[PDB]
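Visitor: Top line first, the protein sequences correspond to chains T and A. Per the deposited numbering, the very first residue in the first sequence carries number 18; after that it's consecutive. Per the deposited numbering, the very first residue in the second sequence carries number 24; after that it's consecutive. The beta carbon of each residue, even a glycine, is placed where N, CA and C say it ideally should be.
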Amino acid sequence: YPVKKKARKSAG
Amino acid sequence: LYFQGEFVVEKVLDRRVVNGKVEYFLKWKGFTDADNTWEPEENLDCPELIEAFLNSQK
């Protein structure tokens with residue numbers, strides 16, 4: 018599961 | 024549910040402003056370009072990719 022270089026989706 | 028939480032970002036490709044919010048156009052790791060999305064700043068945790076993108080533009 019990512020801990021860096023990541024983002025959450027508007028779709029969620 | 025399946026779109027919740029966080030996913031690995033591969034690339035930051037562009038920036039825009041919508042209704043007072045800055046969004047970045049993202050390529051997601053493991054996905055094709057067809058799945059690229061615009062996401063608001065508050066959704067992001069990819070500061071090295073954002074920096075690289077802005078530097079690339081001058």
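Look at A:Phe-48 and A:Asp-37 and say whether their C-beta atoms are less than 8 Å apart.
Guide: For this step, residue 48 of chain A is matched to residue 25 along the second sequence. For this step, residue 37 of chain A is matched to residue 14 along the second sequence. Yes, the Cβ-Cβ distance between A:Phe-48 and A:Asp-37 is below 8 Å.
Visitor: Along the chain, where does the beta strand (DSSP E) that runs through A:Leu-24 open and close?
Guide: Against the second sequence, residue 24 of chain A aligns to sequence position 1. It is not in any beta strand (DSSP E) - A:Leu-24 carries neither H nor E in the DSSP assignment.
Visitor: Which value, in whole angstroms, describes the spacing of the CA atoms of A:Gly-53 and A:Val-40?
Guide: Within the second sequence, the letter at position 30 stands for residue 53 of chain A. Within the second sequence, the letter at position 17 stands for residue 40 of chain A. Cα-Cα distance, rounded: 27 Å.
Visitor: Spatial neighbours of A:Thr-60 within its chain, please: CB distance less than 7 Å, with the 5 preceding and 5 following residues excluded, ordered by chain position.
Guide: Sequence index remark: in the second sequence, residue 60 of chain A carries index 37 (1-based). Within the same chain, A:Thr-60 has close Cβ partners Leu-49.
Visitor: Check the C-beta distance from A:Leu-72 over to T:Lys-22 and give it rounded, since I have them as a contact under 8 Å.
Guide: On the second sequence, residue 72 of chain A is found 49 positions in, with the first residue counted as 1. On the first sequence, residue 22 of chain T is found 5 positions in, with the first residue counted as 1. Yes, they are in contact, since the Cβ atoms of A:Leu-72 and T:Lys-22 sit about 6 Å apart, within 8 Å.
Visitor: Is the distance from the Cβ of T:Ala-24 to the Cβ of A:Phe-26 below 8 Å?
Guide: Position 7 of the first sequence, counted from the start, is the residue given in the question as residue 24 of chain T. Position 3 of the second sequence, counted from the start, is the residue given in the question as residue 26 of chain A. No, Cβ-Cβ distance for T:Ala-24 and A:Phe-26 is not below 8 Å.
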